[PDB]
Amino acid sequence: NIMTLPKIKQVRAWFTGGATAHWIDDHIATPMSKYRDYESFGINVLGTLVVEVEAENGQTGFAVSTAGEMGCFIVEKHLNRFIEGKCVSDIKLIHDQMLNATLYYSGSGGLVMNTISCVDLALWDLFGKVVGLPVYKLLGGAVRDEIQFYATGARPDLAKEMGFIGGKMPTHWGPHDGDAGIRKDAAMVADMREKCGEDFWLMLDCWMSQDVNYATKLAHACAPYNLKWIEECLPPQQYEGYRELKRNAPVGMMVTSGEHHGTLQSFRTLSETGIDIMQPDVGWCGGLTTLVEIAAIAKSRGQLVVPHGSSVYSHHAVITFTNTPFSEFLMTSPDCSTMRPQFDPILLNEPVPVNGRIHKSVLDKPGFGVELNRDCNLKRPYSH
């Protein structure tokens, strides 16, 4: 009676862009801002990793992430031994073998975890396509008919005109800029509030570029404008810093972090610091398998989990979380004015929000519902 499932025959890894191949390129505050010559620091060195898992029946599944050539090394020279020969349904098993087999060098996040994540996603894609169901249905179905999005870019006013529920702006100054920096980023928020109205959400992303005092001053300077939350003020290792910041945050204003945190255990620690919302990235936290466990601990705490925007990889997950009432969409547009697929053009048939939402019928396709665009500058650095 049971549906026959094939075994996985092989896994392949390619990379595009990177070392060995606009608003975001405009004075964005980062951990490197401290340095004038980097106010450049190689934010695009990794490039994109694409992992394809082929089953013994010819069916295939894939996923993409940030890892590039080095990611292909990890996949082609190490993880393949835990992937090939497995059942297409041995997703959790492969995931655990990967985490434990690379524990000694993964550093619980970053490059190696992004790679493990990509594999996990490619396995889920394959399984769903083998079964004939969208990932969100395999996970237990949607808990809402559509996903509502806030947009990340420099123009919250334009995002509002486009139907989004909010807009997240990046900070432009850091600790070394002192009171002037705070004054300028705060004024920026004040202006957007003026232009967007009261009900449209505004958020600040600080991309690990501040310390507790600067972050505290910035949050309070923005409190008069009802900033919903202040995101990733500190490097991910500074859990203690996050606990202190949260305690000094304006009442009602939320403190969030997590896109650069990896492994379930790290999120357990992060959650205990008191921050309001953890923001794991499926492609960095360990994959879908890990993301779903992270959602659960936040829920066990009566807290929301709001994953980083990862296109279809995130959509299929968040639509099933009773714990994620909204999601994120990155405005990869130079001026932030058009709806361009996030992973364009590597992904074919990638959906985009319409009126700030994506209905579930849109996700009703096998696996993650997209196909690999093999006309990209895909490179095969290693084989096995």
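Note that residue numbering follows the sequence shown and begins at 1.
> Between residues given as residue 350 and residue 351, how many of the deposited sequence are not built: none, 1 to 3, 4 to 9, or 10 or more?
The entry has no gap there; residue 350 and residue 351 are joined directly.
> On average, are the C-alpha B-factors higher in 336 to 344 or in 44 to 52?
Between 336 to 344 and 44 to 52, it is 336 to 344.
> Quick check: 28 to 36 versus 58 to 66, which has the larger average CA B-factor in the record?
So the stretch with the higher mean C-alpha B-factor is 28 to 36.
> According to the deposited entry, which of 144, 95, 261, 155 has the largest Cα B-factor?
The listed residue with the largest C-alpha B-factor is 155.
> Say you rank 297, 118, 305, 162 by Cα B-factor from the PDB entry; which sits at the top?
162 has the highest C-alpha B-factor of those listed.
> Please say which third, lowest, middle or highest, residue 195 falls into when its CA temperature factor is compared across its chain.
Answer is highest: the recorded C-alpha B-factor places it there.
> Determine, from the deposited record, the chain-internal third of the Cα B-factor for residue 177: lowest, middle or highest.
Highest third.
> Determine, from the deposited record, the chain-internal third of the Cα B-factor for residue 220: lowest, middle or highest.
CA B-factor rank for residue 220: middle third.
> According to the PDB entry, is the CA B factor of residue 89 in the bottom, middle or top third of its chain, that is, lowest, middle or highest?
For residue 89, the deposited C-alpha B-factor lands in the lowest third.
> Where does residue 77 sit by CA temperature factor within its chain: lowest, middle or highest third?
It falls in the middle third of the chain.
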